[PDB]
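**Q** File name query.cif; file contents mmCIF, C-alpha atoms; full text below.
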```
data_protein
loop_
_atom_site.label_atom_id
_atom_site.label_comp_id
_atom_site.auth_asym_id
_atom_site.auth_seq_id
_atom_site.Cartn_x
_atom_site.Cartn_y
_atom_site.Cartn_z
CA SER A 1 126.55 73.11 163.72
CA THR A 2 125.71 72.09 167.28
CA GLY A 3 127.45 71.82 170.62
CA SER A 4 126.79 69.76 173.72
CA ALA A 5 128.56 70.13 177.07
CA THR A 6 128.03 68.66 180.51
CA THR A 7 127.44 71.09 183.38
CA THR A 8 128.36 69.99 186.92
CA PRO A 9 127.34 71.38 190.33
CA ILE A 10 130.23 73.05 192.12
CA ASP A 11 129.26 71.63 195.52
CA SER A 12 126.78 69.40 197.29
CA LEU A 13 124.09 72.12 197.40
CA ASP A 14 124.06 72.98 193.68
CA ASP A 15 125.17 76.53 194.53
CA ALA A 16 126.24 76.95 190.91
CA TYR A 17 127.15 74.85 187.88
CA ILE A 18 130.40 74.81 185.88
CA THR A 19 130.82 73.88 182.23
CA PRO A 20 134.23 73.32 180.58
CA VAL A 21 135.09 75.82 177.84
CA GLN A 22 138.08 75.70 175.48
CA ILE A 23 139.75 79.08 174.91
CA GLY A 24 142.67 79.78 172.62
CA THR A 25 145.19 77.81 170.56
CA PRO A 26 146.30 75.39 171.86
CA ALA A 27 143.16 75.08 173.94
CA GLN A 28 143.11 76.32 177.52
CA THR A 29 140.17 74.68 179.28
CA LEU A 30 138.45 76.76 181.96
CA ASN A 31 135.34 75.88 183.94
CA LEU A 32 132.84 78.69 183.47
CA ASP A 33 129.50 79.52 185.09
CA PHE A 34 127.00 79.76 182.21
CA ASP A 35 124.78 82.70 183.17
CA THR A 36 121.57 83.46 181.27
CA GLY A 37 121.25 86.58 183.45
CA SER A 38 124.35 88.39 182.13
CA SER A 39 126.13 88.94 178.83
CA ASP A 40 129.90 89.02 179.46
CA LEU A 41 132.30 86.10 178.94
CA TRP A 42 135.02 86.88 181.47
CA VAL A 43 137.81 84.75 182.87
CA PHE A 44 140.44 84.66 185.55
CA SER A 45 143.68 85.30 183.71
CA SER A 46 147.41 85.91 183.84
CA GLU A 47 146.44 89.59 184.26
CA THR A 48 144.35 89.06 187.41
CA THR A 49 145.81 90.64 190.55
CA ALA A 50 147.77 87.78 192.07
CA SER A 51 146.32 88.14 195.58
CA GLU A 52 142.83 87.76 194.06
CA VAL A 53 143.55 84.33 192.52
CA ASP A 54 143.15 81.37 194.88
CA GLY A 55 143.03 78.06 193.02
CA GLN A 56 141.23 79.07 189.82
CA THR A 57 142.53 78.06 186.42
CA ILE A 58 143.69 81.12 184.48
CA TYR A 59 143.61 82.06 180.81
CA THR A 60 147.01 83.24 179.58
CA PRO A 61 146.49 85.08 176.28
CA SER A 62 150.22 85.31 175.58
CA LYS A 63 150.25 81.51 175.21
CA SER A 64 147.42 81.50 172.63
CA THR A 65 148.45 81.98 169.00
CA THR A 66 144.93 83.13 168.12
CA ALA A 67 144.57 85.69 170.92
CA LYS A 68 144.46 89.36 169.89
CA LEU A 69 144.18 92.33 172.24
CA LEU A 70 141.00 94.29 171.50
CA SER A 71 142.73 97.66 171.60
CA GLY A 72 141.26 100.15 174.03
CA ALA A 73 138.44 97.92 175.23
CA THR A 74 137.67 97.58 178.92
CA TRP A 75 134.87 95.98 180.89
CA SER A 76 133.41 96.25 184.37
CA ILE A 77 130.44 94.36 185.77
CA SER A 78 128.51 94.22 189.04
CA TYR A 79 126.13 91.37 189.78
CA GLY A 80 122.90 91.23 191.76
CA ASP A 81 124.70 89.49 194.64
CA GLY A 82 127.09 92.42 195.07
CA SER A 83 130.10 90.75 193.43
CA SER A 84 132.07 92.40 190.64
CA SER A 85 134.99 92.12 188.24
CA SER A 86 136.71 94.21 185.56
CA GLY A 87 139.59 94.20 183.12
CA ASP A 88 140.57 94.33 179.45
CA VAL A 89 139.54 92.31 176.41
CA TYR A 90 141.00 89.87 173.91
CA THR A 91 139.40 88.13 170.98
CA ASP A 92 140.15 84.43 170.65
CA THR A 93 138.70 81.10 169.59
CA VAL A 94 136.18 79.71 172.08
CA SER A 95 134.62 76.26 171.88
CA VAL A 96 131.83 74.75 173.99
CA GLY A 97 131.07 71.07 173.60
CA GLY A 98 132.37 70.93 170.03
CA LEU A 99 130.85 74.23 168.86
CA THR A 100 133.52 76.78 167.90
CA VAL A 101 133.31 80.58 167.62
CA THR A 102 136.27 82.50 166.24
CA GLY A 103 136.82 86.09 167.27
CA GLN A 104 134.87 85.77 170.53
CA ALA A 105 135.43 88.59 173.00
CA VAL A 106 137.16 87.03 176.03
CA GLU A 107 137.13 89.53 178.87
CA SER A 108 140.29 89.15 180.92
CA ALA A 109 139.94 90.02 184.59
CA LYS A 110 142.40 92.41 186.16
CA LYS A 111 140.31 92.66 189.34
CA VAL A 112 137.70 90.37 190.89
CA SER A 113 135.74 90.80 194.09
CA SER A 114 136.24 88.62 197.13
CA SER A 115 133.39 86.20 196.45
CA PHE A 116 135.02 85.23 193.14
CA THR A 117 138.46 84.79 194.71
CA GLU A 118 136.93 82.67 197.47
CA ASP A 119 135.30 80.26 195.00
CA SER A 120 138.14 78.19 193.57
CA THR A 121 135.78 76.15 191.37
CA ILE A 122 134.58 78.95 189.04
CA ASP A 123 137.15 80.22 186.52
CA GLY A 124 134.83 82.86 185.06
CA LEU A 125 131.39 83.42 183.59
CA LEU A 126 129.91 82.83 180.15
CA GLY A 127 126.96 85.18 179.70
CA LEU A 128 123.92 84.03 177.74
CA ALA A 129 121.50 86.95 178.19
CA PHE A 130 121.08 89.45 175.36
CA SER A 131 124.14 91.24 174.05
CA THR A 132 122.60 94.63 174.85
CA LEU A 133 123.77 94.00 178.46
CA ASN A 134 127.41 93.41 177.53
CA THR A 135 129.63 95.81 179.46
CA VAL A 136 132.57 96.15 177.03
CA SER A 137 133.41 99.79 176.30
CA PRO A 138 133.68 101.65 173.98
CA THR A 139 132.53 98.92 171.58
CA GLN A 140 129.94 96.54 173.03
CA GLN A 141 130.64 92.87 172.31
CA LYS A 142 128.42 89.91 171.43
CA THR A 143 127.78 86.84 173.55
CA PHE A 144 129.01 83.40 172.54
CA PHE A 145 125.44 82.43 171.60
CA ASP A 146 124.93 85.58 169.52
CA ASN A 147 128.19 84.88 167.65
CA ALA A 148 127.34 81.21 167.08
CA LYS A 149 123.65 81.67 166.26
CA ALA A 150 123.88 81.98 162.48
CA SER A 151 125.96 78.78 162.22
CA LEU A 152 123.71 76.70 164.46
CA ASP A 153 121.27 74.17 163.02
CA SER A 154 118.52 75.97 164.96
CA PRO A 155 118.99 79.34 166.79
CA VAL A 156 118.50 77.89 170.27
CA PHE A 157 120.28 76.66 173.33
CA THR A 158 118.89 74.49 176.12
CA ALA A 159 119.59 74.21 179.83
CA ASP A 160 119.05 70.86 181.54
CA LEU A 161 120.42 71.38 185.05
CA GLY A 162 120.61 68.42 187.40
CA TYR A 163 119.53 68.13 191.02
CA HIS A 164 122.65 67.09 192.91
CA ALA A 165 123.87 65.67 189.60
CA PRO A 166 125.39 66.77 186.29
CA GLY A 167 123.28 68.12 183.46
CA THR A 168 123.71 69.48 179.95
CA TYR A 169 123.86 72.67 177.92
CA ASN A 170 123.10 72.07 174.24
CA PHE A 171 123.51 74.59 171.42
CA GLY A 172 121.70 74.42 168.11
CA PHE A 173 119.31 71.52 168.74
CA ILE A 174 116.58 70.25 171.07
CA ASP A 175 117.27 66.76 172.45
CA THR A 176 113.80 65.23 172.34
CA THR A 177 115.01 62.39 174.62
CA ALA A 178 115.81 64.81 177.45
CA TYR A 179 112.28 65.71 178.59
CA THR A 180 108.85 64.20 179.08
CA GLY A 181 105.62 65.34 177.51
CA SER A 182 105.72 68.49 175.39
CA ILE A 183 107.60 71.78 175.57
CA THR A 184 105.36 74.76 176.35
CA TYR A 185 106.64 77.98 174.85
CA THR A 186 105.94 81.39 176.34
CA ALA A 187 106.62 84.98 175.29
CA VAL A 188 109.84 86.81 176.16
CA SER A 189 110.49 90.51 176.62
CA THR A 190 114.05 91.57 175.78
CA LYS A 191 113.47 95.16 176.98
CA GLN A 192 115.72 94.73 180.06
CA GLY A 193 118.22 92.49 178.24
CA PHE A 194 117.05 89.34 180.06
CA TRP A 195 115.12 86.19 179.21
CA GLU A 196 112.10 87.82 180.86
CA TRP A 197 108.74 86.03 180.80
CA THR A 198 105.48 85.84 182.76
CA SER A 199 104.56 82.78 184.76
CA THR A 200 100.84 82.09 185.02
CA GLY A 201 100.80 81.27 188.74
CA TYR A 202 101.78 78.84 191.43
CA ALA A 203 100.79 76.15 193.88
CA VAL A 204 102.26 75.07 197.22
CA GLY A 205 102.47 71.33 197.77
CA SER A 206 99.17 69.68 196.94
CA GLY A 207 97.34 72.99 197.29
CA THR A 208 95.19 74.60 194.66
CA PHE A 209 96.82 76.50 191.84
CA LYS A 210 96.65 80.30 192.13
CA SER A 211 96.34 81.95 188.74
CA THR A 212 98.39 85.14 188.87
CA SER A 213 100.91 86.75 186.54
CA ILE A 214 104.50 86.68 187.82
CA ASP A 215 106.99 88.51 185.61
CA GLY A 216 110.54 87.28 186.07
CA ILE A 217 113.77 86.19 184.41
CA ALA A 218 115.13 82.73 183.60
CA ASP A 219 118.57 83.06 185.20
CA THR A 220 120.93 80.07 185.32
CA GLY A 221 123.47 82.23 187.15
CA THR A 222 121.27 82.71 190.22
CA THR A 223 121.08 79.82 192.67
CA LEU A 224 117.66 80.37 194.23
CA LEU A 225 114.07 81.14 193.25
CA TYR A 226 113.17 84.77 194.11
CA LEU A 227 109.44 85.58 194.03
CA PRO A 228 107.04 88.18 195.42
CA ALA A 229 106.76 88.32 199.20
CA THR A 230 103.10 87.20 199.10
CA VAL A 231 104.01 84.01 197.22
CA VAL A 232 107.02 83.26 199.39
CA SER A 233 105.04 83.79 202.60
CA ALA A 234 102.38 81.38 201.35
CA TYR A 235 105.06 78.74 200.69
CA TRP A 236 106.89 79.00 204.02
CA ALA A 237 103.64 79.12 206.00
CA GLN A 238 103.30 75.42 205.09
CA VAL A 239 106.56 74.56 206.89
CA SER A 240 106.31 74.33 210.69
CA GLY A 241 108.85 76.61 212.32
CA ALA A 242 109.90 78.44 209.17
CA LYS A 243 110.50 82.16 209.54
CA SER A 244 112.14 85.08 207.79
CA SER A 245 115.37 85.97 209.59
CA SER A 246 116.80 89.45 209.03
CA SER A 247 120.08 88.37 210.64
CA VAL A 248 120.51 85.41 208.31
CA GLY A 249 119.12 87.22 205.26
CA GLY A 250 116.02 85.26 204.31
CA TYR A 251 113.68 82.45 205.18
CA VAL A 252 115.12 79.66 207.31
CA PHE A 253 113.43 76.46 208.41
CA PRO A 254 114.11 73.57 210.79
CA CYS A 255 116.49 71.13 209.16
CA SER A 256 114.22 68.34 210.45
CA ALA A 257 111.38 69.49 208.17
CA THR A 258 110.09 67.77 205.06
CA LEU A 259 109.51 70.56 202.56
CA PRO A 260 106.47 70.77 200.27
CA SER A 261 106.86 71.02 196.54
CA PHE A 262 106.33 74.28 194.66
CA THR A 263 104.60 74.43 191.27
CA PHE A 264 104.93 77.29 188.77
CA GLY A 265 102.81 77.83 185.68
CA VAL A 266 104.06 78.12 182.10
CA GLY A 267 100.96 78.95 180.13
CA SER A 268 98.55 76.12 180.84
CA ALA A 269 101.42 73.81 181.79
CA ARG A 270 102.91 73.23 185.24
CA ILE A 271 106.48 72.66 186.44
CA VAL A 272 106.79 71.00 189.84
CA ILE A 273 109.84 71.74 191.99
CA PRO A 274 110.21 68.88 194.50
CA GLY A 275 110.53 69.93 198.12
CA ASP A 276 114.07 68.58 198.43
CA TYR A 277 115.22 71.04 195.76
CA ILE A 278 114.29 73.89 198.15
CA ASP A 279 116.65 72.73 200.96
CA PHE A 280 119.96 74.64 200.98
CA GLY A 281 121.20 73.07 204.17
CA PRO A 282 122.45 74.42 207.47
CA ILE A 283 122.96 78.19 207.67
CA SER A 284 126.36 77.48 209.25
CA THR A 285 128.18 74.22 209.80
CA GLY A 286 126.38 72.10 212.39
CA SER A 287 123.33 74.35 212.72
CA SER A 288 119.86 72.86 212.79
CA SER A 289 118.49 75.94 211.01
CA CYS A 290 118.45 75.43 207.25
CA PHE A 291 118.34 78.01 204.48
CA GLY A 292 115.38 78.12 202.13
CA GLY A 293 115.62 77.86 198.35
CA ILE A 294 112.61 80.12 197.77
CA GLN A 295 113.20 83.71 198.89
CA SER A 296 111.54 87.08 198.50
CA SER A 297 112.44 89.28 195.54
CA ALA A 298 111.09 92.36 197.33
CA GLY A 299 114.58 93.86 197.73
CA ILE A 300 115.73 93.03 194.18
CA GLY A 301 113.33 94.80 191.82
CA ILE A 302 112.73 91.70 189.70
CA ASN A 303 111.62 88.13 190.19
CA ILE A 304 114.27 85.52 189.39
CA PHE A 305 113.62 81.98 188.21
CA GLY A 306 117.06 80.73 189.21
CA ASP A 307 118.53 77.25 189.37
CA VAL A 308 116.01 75.99 191.98
CA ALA A 309 113.26 76.48 189.41
CA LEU A 310 115.17 75.81 186.20
CA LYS A 311 116.64 72.48 187.37
CA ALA A 312 113.10 71.11 187.63
CA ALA A 313 112.64 71.62 183.87
CA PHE A 314 114.19 71.21 180.46
CA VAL A 315 114.45 74.83 179.34
CA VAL A 316 114.67 76.09 175.74
CA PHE A 317 116.20 79.51 175.14
CA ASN A 318 114.85 80.22 171.65
CA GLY A 319 116.87 82.96 169.97
CA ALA A 320 114.72 83.24 166.87
CA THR A 321 113.99 86.71 165.49
CA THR A 322 111.30 86.94 168.15
CA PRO A 323 112.82 85.08 171.13
CA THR A 324 110.72 82.79 173.30
CA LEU A 325 111.29 80.44 176.23
CA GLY A 326 110.18 76.82 176.38
CA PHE A 327 109.71 74.65 179.47
CA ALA A 328 109.17 70.89 179.70
CA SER A 329 109.02 68.51 182.62
CA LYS A 330 111.71 65.86 182.70
#
```
Go ahead and express the file in the form of structure tokens.

**A**
Amino acid sequence: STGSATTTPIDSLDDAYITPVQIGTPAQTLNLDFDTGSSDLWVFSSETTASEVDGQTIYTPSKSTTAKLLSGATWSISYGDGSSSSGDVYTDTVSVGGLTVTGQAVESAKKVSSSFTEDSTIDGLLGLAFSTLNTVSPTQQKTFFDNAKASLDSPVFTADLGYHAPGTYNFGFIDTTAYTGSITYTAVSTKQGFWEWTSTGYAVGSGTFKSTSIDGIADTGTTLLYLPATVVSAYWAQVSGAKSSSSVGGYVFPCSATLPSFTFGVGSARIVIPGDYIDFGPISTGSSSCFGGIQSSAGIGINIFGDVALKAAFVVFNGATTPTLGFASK
């Protein structure tokens, strides 16, 4: 089997991407944030505290003839941005772009933090990291990809995120029309539960490539590109007037600037992030200070190849017995 679903930016900055997912019988379609940095499929639901729902579409398990309460199971998750959610668990039929998994754990939110309530466009998350990170207790549950893997034509999924435009998540096949050149594959460590890999270096604009190992995670659920402070300083030094602002929470730059590109290495290959992809717009409405798309990871503990980086590539998440990642230009 295969599946193919369009993913759409939630706003004009590409702050996140939503993909429609069918849950239950008859289908209830919710728009989920596919997150290769986490491993829970959780949804706003009929059980979510009413004051914490503000425009999201909810899953109502009582209206699904295939929903079954997973007795005794609970979940609770906290994300790198400080947001969180928790609740109980059903199993139900879940389909993505024509690919169906029966008995998928659907984690029903009883509580969500304010950032989730405040984002009416995201109805939940669909985690695509390794199932060892799944938070369901006392019996850990498998991701949608893990459940579908054996049925897929090939044990892979691909992320093709658009810049200010829709893109595609495919399951079970590699669309050879979706990228240019060849796909360069690189080793993955699953030791932290992430799609963790080592970039071979970087360049700023037309500058020379610096060969240096940068360990980080391919994370579709993180908006920006978080890299070591040395690398980020070297990038922003090429932008007149850019500075790190403690009050804003990162590098800002004059909105009148033209940003340089940023290149990252994948083995001997190179992925170029155009400068425009690094502009996240005014820090507040009407400001002429703009927020940068490349930020320091120094306060995180890990480097994160988020959407800013991934949207410049066609990315293969290869879930073979030894997983690998592939990157192509497009």

**Q** Which residues of stretch 60-103 of chain A sit at most 12 Å from stretch 44-47 of chain A, using only C-alpha atoms? Give each one's shortest atom pair and distance in Å (one decimal place), in chain and ascending residue order, as a Markdown table.

**A**
```
| residue | atom | partner | partner_atom | distance |
| --- | --- | --- | --- | --- |
| A:60 | CA | A:46 | CA | 5.0 |
| A:61 | CA | A:46 | CA | 7.7 |
| A:62 | CA | A:46 | CA | 8.7 |
| A:63 | CA | A:46 | CA | 10.1 |
| A:85 | CA | A:44 | CA | 9.6 |
| A:86 | CA | A:44 | CA | 10.3 |
| A:87 | CA | A:47 | CA | 8.3 |
| A:88 | CA | A:47 | CA | 8.9 |
| A:89 | CA | A:47 | CA | 10.8 |
| A:90 | CA | A:45 | CA | 11.1 |
```

**Q** Taking the file as shown, what set of residues would the PyMOL selection byres ((chain A and resi 40) around 12) give back, as JSON, numbers by chain?

**A** {"A": [32, 33, 34, 35, 36, 37, 38, 39, 41, 42, 43, 74, 75, 76, 77, 78, 79, 84, 85, 86, 87, 88, 89, 104, 105, 106, 107, 108, 109, 124, 125, 126, 127, 128, 129, 130, 131, 132, 133, 134, 135, 136, 137, 140, 141, 142, 143, 144, 145, 146]}

**Q** So which one's closest to residue A:31, A:119, A:57, A:11, A:225? Using all atoms listed in the file, please.

**A**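 The answer is A:57, which sits nearest to residue A:31.
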
**Q** As an exercise, work out the distance from atom CA of residue A:161 to atom CA of residue A:295 in Å and give it to one decimal place.

**A**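 Taking atom CA of residue A:161 and atom CA of residue A:295, their separation equals 19.9 Å.
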
**Q** Around (107.6, 75.2, 180.4) in the file's frame, which residues reach within 12 Å when counting all atoms listed in the file? Return as a PyMOL selection string?

**A** chain A and resi 179-187+197-200+218+263-272+305+309-317+324-330

**Q** What is the atom CA of residue A:262 to atom CA of residue A:280 distance in Å?

**A**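 Interatomic distance here is 15.0 Å.
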
**Q** May I have the residues within 12 Å of residue A:121 as a PyMOL selection string, using only C-alpha atoms and disregarding those fewer than 5 positions away in the same chain?

**A** chain A and resi 8-11+15-20+30-33+44+53-58+115-116

**Q** Applied to this file, what does the PyMOL selection byres ((chain A and resi 174) around 9) return in terms of residues, put as a PyMOL selection string?

**A** chain A and resi 154+156-158+170-173+175-178+316

**Q** To one decimal place in Å, what is the distance between atom CA of residue A:159 and atom CA of residue A:221?

**A**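 According to the coordinates, atom CA of residue A:159 and atom CA of residue A:221 are separated by 11.5 Å.
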
**Q** Please expand the PyMOL selection byres ((chain A and resi 226) around 8) into the concrete residues it hits in this file, giving the result as a PDB file with C-alpha atoms, in the frame of the given file.

**A**
```
ATOM      1  CA  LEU A 224     117.660  80.370 194.230  1.00  0.00           C
ATOM      2  CA  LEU A 225     114.070  81.140 193.250  1.00  0.00           C
ATOM      3  CA  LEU A 227     109.440  85.580 194.030  1.00  0.00           C
ATOM      4  CA  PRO A 228     107.040  88.180 195.420  1.00  0.00           C
ATOM      5  CA  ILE A 294     112.610  80.120 197.770  1.00  0.00           C
ATOM      6  CA  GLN A 295     113.200  83.710 198.890  1.00  0.00           C
ATOM      7  CA  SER A 296     111.540  87.080 198.500  1.00  0.00           C
ATOM      8  CA  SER A 297     112.440  89.280 195.540  1.00  0.00           C
ATOM      9  CA  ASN A 303     111.620  88.130 190.190  1.00  0.00           C
ATOM     10  CA  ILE A 304     114.270  85.520 189.390  1.00  0.00           C
ATOM     11  CA  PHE A 305     113.620  81.980 188.210  1.00  0.00           C
ATOM     12  CA  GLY A 306     117.060  80.730 189.210  1.00  0.00           C
TER      13      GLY A 306
END
```

**Q** Residues at most 8 Å from residue A:277, counting only C-alpha atoms, excluding those fewer than 5 positions away in the same chain, as JSON, numbers by chain?

**A** {"A": [163, 293, 308]}

**Q** Taking all atoms of stretch 84-87 of chain A that the file lists and extending 8 Å past them on each side, where is the centre of the axis-aligned box and how long are its edges? Answer in Å to one decimal, as AutoDock Vina command-line options.

**A**
```
--center_x 135.8 --center_y 93.2 --center_z 186.9 --size_x 23.5 --size_y 18.1 --size_z 23.5
```

**Q** For residue A:188, which of A:237, A:50, A:70, A:320 is the closest residue, counting only C-alpha atoms?

**A**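 Among the listed residues, the smallest separation from residue A:188 belongs to A:320.
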
**Q** At a cut-off of 8 Å, using only C-alpha atoms, what residues contact residue A:6? Leave out same-chain residues fewer than 6 positions from it and give the result as number ranges by chain.

**A** A: 19-20, 97, 166-169

**Q** Using all atoms listed in the file for the distances, tell me which of A:204, A:278, A:283, A:290 is nearest to residue A:307.

**A**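 For residue A:307, the nearest of the given residues is A:278.
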
**Q** I'd like the contact shell of stretch 94-96 of chain A - 7 Å cut-off, only C-alpha atoms, skipping same-chain residues fewer than 2 positions apart - returned as a list in words.

**A**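 The filter keeps residues 3, 5, 21, 22, 23, 24, 92, 98, 99, 100, 101, 102 and 104 of chain A.
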
**Q** Dump C-alpha atoms for the selected residues as a PDB file, in the frame of the given file?

**A**
```
ATOM      1  CA  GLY A   3     127.450  71.820 170.620  1.00  0.00           C
ATOM      2  CA  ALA A   5     128.560  70.130 177.070  1.00  0.00           C
ATOM      3  CA  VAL A  21     135.090  75.820 177.840  1.00  0.00           C
ATOM      4  CA  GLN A  22     138.080  75.700 175.480  1.00  0.00           C
ATOM      5  CA  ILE A  23     139.750  79.080 174.910  1.00  0.00           C
ATOM      6  CA  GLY A  24     142.670  79.780 172.620  1.00  0.00           C
ATOM      7  CA  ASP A  92     140.150  84.430 170.650  1.00  0.00           C
ATOM      8  CA  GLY A  98     132.370  70.930 170.030  1.00  0.00           C
ATOM      9  CA  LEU A  99     130.850  74.230 168.860  1.00  0.00           C
ATOM     10  CA  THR A 100     133.520  76.780 167.900  1.00  0.00           C
ATOM     11  CA  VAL A 101     133.310  80.580 167.620  1.00  0.00           C
ATOM     12  CA  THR A 102     136.270  82.500 166.240  1.00  0.00           C
ATOM     13  CA  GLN A 104     134.870  85.770 170.530  1.00  0.00           C
TER      14      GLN A 104
END
```

**Q** Give me, as a PyMOL selection string, all polymer residues having an atom no more than 7 Å from residue A:251, counting all atoms listed in the file and skipping those fewer than 6 positions away in the same chain.

**A** chain A and resi 242-245+291-292+295

**Q** Please determine the residues with any atom at most 8 Å from (139.1, 100.1, 171.2) (coordinates as given in the file, with only C-alpha atoms counting) and report them as a PDB file with C-alpha atoms, keeping the file's coordinate frame.

**A**
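Dumped to out-v2.pdb:
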```pdb
ATOM      1  CA  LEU A  70     141.000  94.290 171.500  1.00  0.00           C
ATOM      2  CA  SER A  71     142.730  97.660 171.600  1.00  0.00           C
ATOM      3  CA  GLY A  72     141.260 100.150 174.030  1.00  0.00           C
ATOM      4  CA  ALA A  73     138.440  97.920 175.230  1.00  0.00           C
ATOM      5  CA  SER A 137     133.410  99.790 176.300  1.00  0.00           C
ATOM      6  CA  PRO A 138     133.680 101.650 173.980  1.00  0.00           C
ATOM      7  CA  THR A 139     132.530  98.920 171.580  1.00  0.00           C
TER       8      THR A 139
END
```

**Q** Restricting the calculation to only C-alpha atoms: of A:48, A:322, A:192, A:1, which residue gets closest to residue A:302?

**A** A:192

**Q** Some atoms are missing, so please complete stretch 123-135 of chain A with N, CA, C and O atoms and return it as a CSV table (one decimal), in the coordinates of the input.

**A**
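Final file, result.csv:
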```csv
chain,number,residue,atom,x,y,z
A,123,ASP,N,136.0,79.5,187.2
A,123,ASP,CA,137.2,80.2,186.5
A,123,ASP,C,136.7,81.4,185.7
A,123,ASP,O,137.5,82.1,185.1
A,124,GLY,N,135.4,81.7,185.8
A,124,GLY,CA,134.8,82.9,185.1
A,124,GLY,C,133.4,82.6,184.7
A,124,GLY,O,132.8,81.6,185.2
A,125,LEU,N,132.8,83.5,184.0
A,125,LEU,CA,131.4,83.4,183.6
A,125,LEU,C,131.3,83.5,182.1
A,125,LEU,O,132.1,84.1,181.4
A,126,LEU,N,130.3,82.8,181.6
A,126,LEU,CA,129.9,82.8,180.2
A,126,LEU,C,128.5,83.3,180.1
A,126,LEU,O,127.5,82.6,180.4
A,127,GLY,N,128.3,84.6,179.7
A,127,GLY,CA,127.0,85.2,179.7
A,127,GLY,C,126.1,84.8,178.5
A,127,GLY,O,126.6,84.7,177.4
A,128,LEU,N,124.8,84.5,178.8
A,128,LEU,CA,123.9,84.0,177.7
A,128,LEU,C,122.6,84.8,177.7
A,128,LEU,O,121.6,84.4,177.1
A,129,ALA,N,122.6,86.0,178.4
A,129,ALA,CA,121.5,87.0,178.2
A,129,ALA,C,121.7,87.7,176.9
A,129,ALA,O,122.6,87.3,176.1
A,130,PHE,N,121.0,88.8,176.6
A,130,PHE,CA,121.1,89.4,175.4
A,130,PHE,C,122.3,90.4,175.3
A,130,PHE,O,122.6,91.0,176.4
A,131,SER,N,122.9,90.5,174.2
A,131,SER,CA,124.1,91.2,174.0
A,131,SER,C,124.0,92.7,174.4
A,131,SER,O,125.0,93.4,174.7
A,132,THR,N,122.8,93.3,174.4
A,132,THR,CA,122.6,94.6,174.8
A,132,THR,C,123.1,94.9,176.3
A,132,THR,O,123.3,96.0,176.6
A,133,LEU,N,123.2,93.8,177.1
A,133,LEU,CA,123.8,94.0,178.5
A,133,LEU,C,125.3,93.9,178.5
A,133,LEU,O,125.8,94.1,179.6
A,134,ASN,N,126.0,93.6,177.4
A,134,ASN,CA,127.4,93.4,177.5
A,134,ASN,C,128.1,94.7,177.9
A,134,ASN,O,127.7,95.8,177.4
A,135,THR,N,129.0,94.6,178.9
A,135,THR,CA,129.6,95.8,179.5
A,135,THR,C,130.9,96.3,178.7
A,135,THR,O,131.4,97.3,179.2
```
